[PDB]
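An overview of the molecular structure
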Amino acid sequence: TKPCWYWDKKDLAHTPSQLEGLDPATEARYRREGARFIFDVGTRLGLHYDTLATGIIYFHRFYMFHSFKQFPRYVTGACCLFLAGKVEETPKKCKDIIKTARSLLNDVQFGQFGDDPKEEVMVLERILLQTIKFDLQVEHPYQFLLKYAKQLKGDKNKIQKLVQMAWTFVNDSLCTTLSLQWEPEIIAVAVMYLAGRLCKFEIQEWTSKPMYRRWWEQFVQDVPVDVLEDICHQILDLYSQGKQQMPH
Amino acid sequence: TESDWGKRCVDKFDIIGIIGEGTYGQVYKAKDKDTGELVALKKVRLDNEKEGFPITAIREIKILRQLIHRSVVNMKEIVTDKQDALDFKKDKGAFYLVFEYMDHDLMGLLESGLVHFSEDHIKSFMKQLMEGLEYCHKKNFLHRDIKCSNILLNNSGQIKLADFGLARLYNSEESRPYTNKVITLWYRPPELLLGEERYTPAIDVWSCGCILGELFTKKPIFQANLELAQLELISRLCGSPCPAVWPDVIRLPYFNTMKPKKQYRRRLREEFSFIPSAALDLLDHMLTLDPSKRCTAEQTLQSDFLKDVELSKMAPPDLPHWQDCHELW
Amino acid sequence: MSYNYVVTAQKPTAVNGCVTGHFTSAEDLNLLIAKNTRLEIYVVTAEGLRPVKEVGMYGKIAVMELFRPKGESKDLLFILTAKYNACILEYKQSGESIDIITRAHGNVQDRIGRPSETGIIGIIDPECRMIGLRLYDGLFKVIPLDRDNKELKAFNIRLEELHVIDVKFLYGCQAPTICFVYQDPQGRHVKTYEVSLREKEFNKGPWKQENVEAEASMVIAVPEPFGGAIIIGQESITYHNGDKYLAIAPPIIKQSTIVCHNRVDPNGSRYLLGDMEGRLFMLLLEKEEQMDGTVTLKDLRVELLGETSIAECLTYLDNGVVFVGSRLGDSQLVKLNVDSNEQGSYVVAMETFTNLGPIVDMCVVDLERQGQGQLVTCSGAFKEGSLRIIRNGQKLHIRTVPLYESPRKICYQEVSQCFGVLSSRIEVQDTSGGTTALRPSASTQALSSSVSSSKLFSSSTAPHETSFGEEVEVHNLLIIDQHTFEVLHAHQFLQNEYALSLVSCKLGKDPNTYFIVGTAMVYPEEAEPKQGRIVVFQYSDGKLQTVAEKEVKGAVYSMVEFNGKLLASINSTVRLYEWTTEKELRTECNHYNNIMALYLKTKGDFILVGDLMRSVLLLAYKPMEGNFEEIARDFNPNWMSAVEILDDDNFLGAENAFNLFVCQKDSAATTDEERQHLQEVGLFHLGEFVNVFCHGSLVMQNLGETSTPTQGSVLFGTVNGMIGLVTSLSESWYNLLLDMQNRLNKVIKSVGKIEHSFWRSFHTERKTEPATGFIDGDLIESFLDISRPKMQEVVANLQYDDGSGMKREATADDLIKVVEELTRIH
Ligand SMILES: COc1ccc(C)cc1N1C[C@@H](C(=O)Nc2nc3ccccc3[nH]2)CC1=O
């Protein structure tokens, strides 16, 4: 019926790129640059946050089946965003995506697009569609962050601070392979959990069951803390590696 | 696995012929070589290279892999032409959308005058259609192209809705700007004639009511070639758009611009006096000018006409296939 | 685009209706015989009928009734066309000048309504206060006959009874009253209402509802001496009037369904009744007068008079002359005698009026070795079945060959100097367990005979029960001599086997010329036949030999010879068979994308297929590959009655809605989709039902070849006997003739003031379109009959084109010559 789009962390050492001699750090870097390229390009074009995420998910899934050495990432990213726009009904003309990419990429980076940028992108759409197995509908942590937050009752300012901090953590998780390991519902809970720890909030009181200490079990069944902690660790690693710090 | 679409080749189907023309490509009828099941292939030509894979097809692939209902056509898989070996840039081959083959289409059966519907037949037909629309409307999807041509009917009496090329999600909270002119003029709702541009899911209901009438008369209820003339035909039967029956009609872009000859009174019950009362009530509610007072799909299923209909008895329509060639003597 | 020309070679001959009254003058008695689109007016004399006037109308005549409102000296004529054009007409004569006056007219079509099963019904009040029309289920339309209603404006009264069988205005009522038989789930009933023009609604009727026979069919309005109504069924005749109720159920009428009725005596004492087997009955009202002075109806009696042609309509005329208006056979004048003849009959035929009847099939053959083809048509049905030989003489010479059974298909085998004809006769289950024919006919009067002994379906094990009295069709192949037209041989097909297709041809390397028949096993239980045969016969030395048989899994609706191979259509499948050196059929290739492959035509390696729906498909045999290829299909949904190939790029079709269309290969090549799409470039409302298209012409070539501007010749036969001809034009000639039509329509006065452009508009209940690509030759040929002032008015400011003359002026004499050349095509 429907395909399985989730791998185990251990399985990511056997991506096609890893097996062509790319080391883990490099593939992670390539994944962040490609995702952020998709994000920056679409933000310039005025695209909805779901459209940006869908492209990034297409991008991340693509390089679980292909190697970064044979498919230049920024062409792939541009193609993903182009298709994402048609899927999410925020369409853009390929020529416009190319133009914006030229502004953000330096001359060497734009070299990936070769002599005819539009053609290299349009030609890839076939491989993208076959690779994603024509499963174009994607759900993102954003909708669940809001669906769950709506069920919280309490200080409006304290909850809104929780939501925005978690929302930032969602945007930051798109640069990682978390999208390829855990369903979006878990990501939304994980980012609520992380923001709660950082803001020293006890979310349980805002839920309908105030003595239910595992507050998330009323939104997402069967999620151990082991999982939520693994996700939190992965999100904060991006902040510690970079120069950026937790939003608070 | 069954889920890895886009790889299996169209070699696996023996093409029987071309069963129609479609927006993105020509539609073919095929028999599966392995199972012998009859299917329908929609050719998606991405060779245009203007904007790539047609969005109309993207909508049908995105939506019909989510929707599972008896009254909603099932896309079985997506297959491809023999692809060029190791040269995707040269590859210009097309993709085919596989669907379960349906014996007949409503417009085909009605245009050929080969179909006659009894009340019980209309009940079974409408119940399936409206139940399918309810499934889609509950999933917050809008069809936006409800025509007789897009209703496929098997000889068993099963009905399936089909062309989801103009279908898009509806958000009640956020009013979204939509394409104003979306349904064929004969089945277009009044709001879109006056240019709402932010339509409700009630656009699809108005269409199904036009079909309800057509099943009783065997002729479309409002057939016109110009948007104003359609409003006139609608206005004569359903009444002229006026603030009393449609309080927000004044906010519509063309309400002052597009006017009927007169302020016609509603005559639906009179002109359809031959329709049964249980149905006539349904028609009056389905063909209500104000989208906010137009009945919902669920409300139609909880109507005296369709509620106590049991779909175990499909009640298949009258399709004579012999002695129809000979002439009544 | 495409340009074509359509003319009538023979006008419709079947009688659709007949009325008697005083239309031409209050003193004269007239008989108005109506044929499709044609009205014939006669004056009743003592020897027979005197023709006075014939007019055409731009519409199929659906209702024809004569009425005389207070203040008029003579009867007026009401006509309603099948496209709902209504009008009131008057006869006016000024010495030698006869014309028809349109007194009132209009179109009464409703935007919303369901057409009724029993068709349009029209009746007029005995006081001529209103015209009643039953056009749609659940609605009764009233046109009040006031002096001011020159537009025939009307209103609808809601009718609770949705399914109405028949309705008449009653006699002797205080208000206008309707009596009708209707059907609901509980059976059939007879009911009355009163019609109020003041209130524009129904009021309670004079007498109560009564449950009537399940197959009650016709309502008779009995005149004032008796009053009330008579209801005719399959088994019983009943009289109803308030408290009075009578019923006679004589066993003689149960045998055959009664289709027509007419009043003989104006007092209502005697009526004529007719049934499908041709028997004419007298229905007698036996009076009883009470000392009160009031006359009551005592009893009903039915008396058999004799036999006529199967009659759609009857009219009593005067004396013993009765007009038998026949749609299936020849119409007649017959005399009713008081004394029976030595055979027991009171009916003796006087005159016989040719009716080409339903033309089921036809072939064009040069029998007399001339330069012209003679048209042998399969005409008539049941006891009226006949073969008609038609040759051009200025009139058409027609020879009639009676068969007394239904002809179905005809083909010509020159090698055998004979014709092969498929026929079916009706037998009835009898007490022996077998069946008995109602009369001898061609298949039983053959010189030599044979019966199929095939064992193909003999395994059976499928039960089909028989009840005494039920009808069956028995199908035969008739070998008929081309000079004597004597039945030389009759071959009877299997029980329940229908003969649907016939061809005469040579196959493969086989030098023998065969008769090949395609059949279907027809069981009442089956929705679509699932068994069938293709049978190869050889007619040799007075005997038909069975050469080979091929079993198929369906009905062989159509077959055609294809370059030494046999092309046959079995249900959905279109198949090509080869003829082996072992004299057996071998399948080469098939095509399956069809709903029902009812019709086949070929030209070269191209095949035109016409389905029950989805119009026509252009197939091609690819000899390099040994298969079929779909070249181009018409995607417009149409119900086909006949198809023909005009040229390698144009294709002709006939719809079940009495419409003609032409599809052209798009002949562009940018996209494959464009080639695969056949564009309907011609649309034309013929007004006739076309069964058979046939290449050929009845005109005899004077010497060599002489050609008018028209190129090509397709003849077609219709259900009403009308024979027409379709031919092609050049763009220059079309435009000239089209521009002239528009000029002629402004000049010529139409009966009923019916717009010609409306009449020829393509019409289905769902779609109506302006005609295109077709020249109404019958309009063009009328230029020669309009007065000189009108001719010159037509040619004013008329320019020629696309020729060596560039833009040429036209004079009245120039066009008279052009039309006369067009009149020579037939
Ligand atoms: C032998 O039949 C045909 C031959 C030629 C023509 C021109 C049409 C027909 N047909 C096929 C039927 C159909 O439309 N079938 C369908 N269309 C689908 C679209 C999407 C999914 C499934 C579908 N199944 C109705 C009909 O008359």
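**Looking at the overall build of chain C**
- Helix and strand content of chain C: 6 helices and 62 strands.
- Taking 826 residues into account, the globule formula puts the C-alpha radius of gyration at 28 Å, and chain C, at 29 Å, falls close to it.
- C-alpha extents for chain C along the principal axes are approximately 95 × 80 × 50 Å.
- Looking at the 826 residues of chain C, the share that counts as buried comes to 57%.
- For chain C, the exposed area adds up to about 35,300 Å²; of that, 46% sits on carbon and sulfur atoms.
- Here chain C contributes 80 positively and 110 negatively charged side chains, and the mean placements of these two sets differ by 3 Å.

**Things to note about the overall build of chain B**
- Helices and strands together make up the secondary structure of chain B, namely 9 helices and 10 strands.
- For 329 residues, the compact-globule formula gives about 20 Å, and the C-alpha radius of gyration of chain B, at 21 Å, lands near that figure.
- Dimensions of chain B, computed from C-alpha atoms along their principal axes, come out at roughly 65 × 55 × 35 Å.
- When the 329 residues of chain B are sorted by exposure, 58% land in the buried category.
- The long-range fraction of contacts in chain B, counting pairs at least 24 apart against all pairs at least 6 apart in sequence, stands at 65%.
- Here chain B displays about 13,800 Å² of accessible surface, and carbon together with sulfur accounts for 50% of that area.

**What about the pattern of salt bridges?**
- Counted by the stated rule, this structure contains 90 salt bridges over all chains.
- One salt bridge connects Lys 160 of chain B with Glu 100 of chain B, and the closest N-O pair in it is separated by 2.8 Å. Here the residue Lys 160 of chain B occupies a position in strand β9 (residues 159-161), and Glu 100 of chain B occupies one in strand β5 (residues 95-100), the gap between them amounting to 60 residues.
- Take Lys 160 of chain B: its relative accessible area is 8%, and that puts it in the buried class.
- For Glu 100 of chain B, a relative accessible area of 23% translates into the label partly exposed.
- Between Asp 166 of chain C and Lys 168 of chain C there is a salt bridge, with its nearest N and O atoms 2.8 Å apart.
- Given a relative accessible area of 8%, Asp 166 of chain C falls into the buried group.

**Let's talk about the interface of chain A and chain B**
- Tallying the contact residues gives 29 residues for chain A and 30 residues for chain B.
- Taken together, the connections running from chain A to chain B amount to 6 salt bridges.
- Between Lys 89 of chain B and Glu 120 of chain A there is a salt bridge; the shortest N-O distance is 3.4 Å.
- Between the two partners, chain A and chain B, sit 16 residue pairs in polar contact.
- Mapped by element, the contributors of at least two residues to the side of chain A that touches chain B are α4 (73-87) and α7 (117-131) of chain A.
- Of all the elements, α7 of chain A adds the most residues to the side of chain A that touches chain B, at 11 residues.
- The class makeup of the residues in the side of chain A that touches chain B is 13 nonpolar, 3 polar and 13 charged.

**Some points on the site of the ligand**
- Taken together, 17 residues lie near the ligand, and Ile 19, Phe 99, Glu 100, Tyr 101 and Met 102 of chain B sit nearest.
- More than one chain approaches the ligand, the contributing ones being chains B and C.
- In the environment of the ligand, an oxygen atom lies 3.4 Å from a nitrogen or oxygen atom belonging to the side chain of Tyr 101 of chain B.
- Within the contact set of the ligand, a nitrogen atom lies 3.0 Å away from a backbone nitrogen or oxygen of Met 102 of chain B.
- About the coverage of the ligand: the protein hides 94% of its 580 Å² of free accessible area.
- Among the secondary structure elements, those contributing two or more residues to the shell around the ligand are β3 (38-44), β5 and β6 (104-105) of chain B.

**A few points about the sheet that holds strand β33 (residues 386-392) of chain C**
Residue and element names in this part refer to chain C.
- Reading across from one edge, β31-β32-β33-β34 is the order of the 4 strands in this open sheet, with antiparallel pairing throughout. Both edges of this open sheet fall to β31 (359-365) and β34 (396-402), since each of them pairs with a single strand only. Geometrically, the sheet is characterised by an average inter-axis angle of 20 degrees between neighbouring strands, direction not taken into account.
- Of the pairings in the sheet, the one linking strand β32 (residues 374-379) to β33 comprises 5 bridges and is antiparallel in character. Across the sheet, residue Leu 375 finds its bridge partner in β33, namely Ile 390.

**Some remarks on the environment of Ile 595 of chain C**
- Mapped onto the fold, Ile 595 of chain C is located in the loop between β48 (585-591) and β49 (597-603).
- Those residues in contact with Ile 595 of chain C, other than ones at most four positions away along the chain, are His 104 of chain B together with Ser 572, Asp 611 and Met 613 of chain C.

**Some points on the state of the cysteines**
- Scanning the entire structure with this criterion turns up 1 disulfide over all chains.
- The residue that forms a disulfide with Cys 18 of chain C is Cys 313 of chain C, at a sulfur-sulfur distance of 2.0 Å. Disulfide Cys 18 of chain C to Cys 313 of chain C: torsion about the S-S bond roughly 135 degrees, handedness right-handed. Separated by 295 residues along the polypeptide, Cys 18 of chain C in strand β2 (residues 15-21) and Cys 313 of chain C in strand β27 (residues 313-315) bring together distant segments of the chain.
- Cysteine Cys 232 of chain A remains unbridged, with the sulfur of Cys 199 of chain A as its closest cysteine sulfur at 12 Å.
- Residue class for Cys 232 of chain A comes out buried when judged on its relative accessible area of 3%.

**Describing the pairing of strand β43 (residues 532-540) of chain C**
Residue and element names in this part refer to chain C.
- Burial runs high along β43: 8 of the 9 residues are buried.
- Taken together, the 4 bridges between strand β42 (residues 514-521) and β43 define a ladder with antiparallel strand orientation. By the bridge assignment for β43, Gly 518 is matched with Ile 534.
- Bridge count between β43 and strand β44 (residues 543-552): 9 bridges; the pairing is antiparallel. Within the sheet, the bridge partner assigned to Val 535 lies in β44 and is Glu 549.
- Here β43 hands over to β44 after 2 residues, with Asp 541 in that stretch at a positive phi of 50 degrees.

**Some points on the interface of chain B and chain C**
- With 44 residues of chain B at the interface, the matching set in chain C holds 47 residues.
- In total, chain B and chain C occlude about 4,100 Å² of area from one another, counting both sides; carbon and sulfur atoms represent 57% of this.
- Ranking the residues of chain B by area buried against chain C places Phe 274, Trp 322 and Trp 329 of chain B at the top, with a combined share of 21%.
- Joining chain B to chain C, the criterion identifies 4 salt bridges.
- Of the charged contacts, one joins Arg 766 of chain C and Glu 214 of chain B as a salt bridge, the two residues approaching to 2.4 Å between their closest N and O atoms.
- The tally of links from chain B across to chain C stands at 11 residue pairs in polar contact.
- Elements represented by at least two residues in the side of chain B that touches chain C include exactly β1 (13-21), β2 (26-32), β6, α2 (106-111), α5 (202-217) and α6 (227-238) of chain B.

**Examining the domain arrangement of chain C**
All names here are of chain C.
- Under the domain assignment used here, chain C contains domain 1 (4-353), domain 2 (359-728) and domain 3 (731-823).
- The gap between the C-alpha centroids of domain 1 and domain 2 is 38 Å.
- Facing the 24 residues of domain 1 at the interface are 28 residues of domain 2.
- Contact between domain 1 and domain 2 buries roughly 2,200 Å² in total, counting both sides, with carbon and sulfur atoms accounting for 54%.
- Here domain 1 and domain 2 share 3 salt bridges between them.
- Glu 307 serves as the salt-bridge partner of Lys 383, at 3.4 Å between the closest nitrogen and oxygen.
- Counting residues per element, the side of domain 1 that touches domain 2 draws most heavily on strand β1 (residues 4-10), which supplies 7 residues.
- Across the side of domain 1 that touches domain 2, the residue classes tally to 8 nonpolar, 10 polar and 6 charged.

Criteria and thresholds
Along each chain, residues carry numbers from 1 upward in sequence order, and these need not match the entry's numbering; residues missing coordinates do not appear. For naming, the first written chain is A and the first written ligand is 1, with later ones following in the order written. As a convention, hydrogens and water are excluded, and side-chain values are obtained from all of the structure's heavy atoms. Helix and strand definitions follow DSSP, with helices as H or I runs of at least four residues and strands as E runs of at least two, each counted in order from the N terminus. With the radius of gyration taken over C-alpha atoms, the globule rule is written as 2.2 Å times the number of residues to the power 0.38. Accessibility here uses a 1.4 Å probe with only protein chains present; expressed as a share of the type maximum, an area under 20% marks a residue as buried, one over 50% as exposed, and anything in between as partly exposed. The accessible surface values rely on the Shrake-Rupley method and a 1.4 Å probe; as for residues, cover is taken only from the protein chains in view. Only four residue types enter the tally: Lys and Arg on the positive side, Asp and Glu on the negative side; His and the chain ends are excluded. Charge positions are represented by NZ for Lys, CZ for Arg, CG for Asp and CD for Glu. In this analysis, two residues are considered to be in contact whenever any of their non-hydrogen atoms come within 4.5 Å of each other. When a carboxyl oxygen of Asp or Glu lies within 4 Å of a side-chain nitrogen of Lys or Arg, that pair is called a salt bridge. Between N or O atoms, a polar contact is any pair within 3.5 Å; within protein, one atom must be a potential hydrogen donor and the other a potential acceptor, and residues adjacent in sequence are included only when both atoms are from side chains. Side-chain classes follow a simple rule in which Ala, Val, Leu, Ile, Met, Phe, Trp, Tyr, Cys and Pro form the nonpolar group, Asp, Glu, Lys and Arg form the charged group, and the remainder, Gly included, forms the polar group. Proximity is defined per residue: if any heavy atom of the residue lies within 4 Å of a molecule or strand, that residue is considered near it. Here a strand pair is declared whenever DSSP counts at least two bridges between the two strands. Note on definitions: angles span 0 to 180 degrees between N-to-C directions of axes, and those axes are lines fitted to C-alpha atoms, for helices only across the stretch in contact. A pair of sulfur atoms, both from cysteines and within 2.5 Å, is called a disulfide here. Joining two parts hides part of their accessible area as seen by a 1.4 Å probe, and the buried area is that hidden amount summed over both. Those domain boundaries reflect an automatic or database domain assignment.

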